[PDB]
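What follows is a single chain, given as structure tokens, in the form deposited in one PDB entry.
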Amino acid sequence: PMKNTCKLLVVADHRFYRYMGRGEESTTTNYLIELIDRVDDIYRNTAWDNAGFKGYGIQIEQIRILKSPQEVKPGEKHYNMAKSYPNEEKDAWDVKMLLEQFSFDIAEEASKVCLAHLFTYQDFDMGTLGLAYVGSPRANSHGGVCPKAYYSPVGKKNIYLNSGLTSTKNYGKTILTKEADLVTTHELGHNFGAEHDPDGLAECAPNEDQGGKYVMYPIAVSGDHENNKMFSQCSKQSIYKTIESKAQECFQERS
């Protein structure tokens, strides 16, 4: 019961620093402190087993604010580089490659925490807001909560897929504060072991009259409905199993 907190590495790239933090370290830091805290309220108050398996959440261990782009040599790349990859003409990276790059460059630091999350400000194609590796109760699981090394031929080092990312820009504008909270909650949800909520008899995708959809629905919920900020029964079952298996592994006490 004491090891109930997933310690985070939170990173804000130069884009987030500039457009969301107004180029100020204080504003950027406070934004991300407050957002993670709001997301934590959702997590801590969720009873994963619909009883007393409550009190599990997230807490920032380290915050890194990248104030300027990462100077890069020819043919070389970095998640914090000024240009988007692989298509320099696009407003955004390709989201999958960005998450992959982030994990590679931040490997050393990620091995020290339960999860690493990247906050950026770029307009991913076709309406995408965030992405994350799915966690699992499986011992040899490679993804989600807890740093489970994955050798990387090319970097002579271990890489950890205990990561996810959130962008606060979509369709040419800054998304709402309540929407940003839902994106991170959703991505961290995957890291905690949840898959997407399915439609049908499973009770995991209610109609508007029944409170609306839950946070792990694949199509971004608005946040206007009661169930939008909460986890469905389908997510609870998946996450419950993951937490009970990995909590002793890398979770720590709340600070």
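In this text, rigid core is short for the largest set of C-alphas that superpose within 1.5 Å between two forms. Sequential numbering from 1, following the sequence displayed.
A second form of this protein, the form deposited in another entry, is not displayed here; the remarks below concern that form.
Core-based superposition between this form and the one not shown leaves all of 77, 112, 96, 157 but one with CA shifts under 2 Å; the exception is 157.
The Cα position of residue 47 differs by less than 2 Å between this form and the one not shown after fitting on the rigid core. Core-superposed comparison between this form and the one not shown: the C-alpha position of residue 201 differs by no less than 2 Å.
Between residue 131 and residue 155, the C-alpha separation shrinks by 3 Å or more in the other entry, relative to the conformation displayed. In the other entry, the CA atoms of residue 202 and residue 237 sit farther apart than in the displayed form, by at least 3 angstroms.
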